[PDB]
Structures are given as structure tokens and as C-alpha cells.
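These notes are about the structure you will find just below.
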Amino acid sequence: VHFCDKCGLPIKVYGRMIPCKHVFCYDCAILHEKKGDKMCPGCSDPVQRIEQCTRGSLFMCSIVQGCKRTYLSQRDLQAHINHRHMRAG
Ligand SMILES: [Zn+2]
Ligand SMILES: [Zn+2]
Ligand SMILES: [Zn+2]
Numbered sequence: 045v046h047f048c049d050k051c052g053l054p055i056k057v058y059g060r061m062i063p064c065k066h067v068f069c070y071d072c073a074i075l076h077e078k079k080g081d082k083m084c085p086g087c088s089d090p091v092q093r094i095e096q097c098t099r100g101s102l103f104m105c106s107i108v109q110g111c112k113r114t115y116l117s118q119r120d121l122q123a124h125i126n127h128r129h130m131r132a133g
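The numbers in our numbering rise by one with no breaks, and the one at position 67 of the sequence shown is 111.
This is how it looks when you write it as C-alpha cells:
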């Protein structure tokens, strides 16, 4: 994503979080890890490990609602559509 989901500021680096597979600002994403070490900035999920990536290394999904399940290969993001959207309905 561009604007951090927790800070809203323009993400300069893709702070990827696992196993959520969610992205944020690798800067505020690490401050959160140093804060709880296991809570996504917005999903508050067990942040296993945060990693930095380029704003072109993940694939954002845009089907309906706020589905921002990024991935590492269109095949996984495509697999996300048929796994949770299935043509929406
Ligand atoms: Zn931020
Ligand atoms: Zn998350
Ligand atoms: Zn989706």
C-alpha cells in the first residue's frame, strides 16, 4: 500500500508482516514490533517477523470491501481471489 494503514503517512518502504502477510511502513512497522513484538499495527495479529520490501515486490488485491491481502506472486494473490472472493458471489 502507499499510505500507512496505521499512520496514514506515505509508506516509503513496504514493511511486510507475517504470517498476516500485511504491509505497512517498515519504519512504523518496526516501532510496533519494538512496542509489542507481536501485534499488527491494524490487524493486531501475532506479528511473527517484519521484513522490508520494495513497493513493487507485493501484489495488492482490489475486489471488494477493504481486501488488502498482499502476496509474493500473482499466483498467490490470484489464489486469494478464488479462495475468499470466488468472483465475489
Ligand atoms: Zn507510517
Ligand atoms: Zn496485518
Ligand atoms: Zn481479495
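Just so it is clear, CB atoms sit at the ideal spot from N, CA and C, and this is done for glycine as well.
Beta-carbon spacing of residue i, residue j below 8 Å
| i | j | result |
| --- | --- | --- |
| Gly-59 | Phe-68 | yes |
| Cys-64 | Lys-50 | no |
Residue i, buried or exposed, once every other Cβ within 10 Å from all chains shown has been counted against 16
| i | result |
| --- | --- |
| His-127 | exposed |
| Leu-102 | buried |
| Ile-94 | buried |
| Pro-85 | buried |
Length of the line joining the Cα atoms of residue i and residue j
| i | j | result |
| --- | --- | --- |
| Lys-56 | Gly-133 | 35 Å |
| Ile-107 | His-129 | 7 Å |
| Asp-120 | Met-104 | 11 Å |
| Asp-89 | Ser-117 | 22 Å |
The beta strand (DSSP E) enclosing residue i, as first and last residue numbers
| i | result |
| --- | --- |
| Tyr-115 | Looking at the DSSP string, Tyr-115 is not in any beta strand (DSSP E), and its letter there is neither H nor E. |
| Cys-97 | 93-97 |
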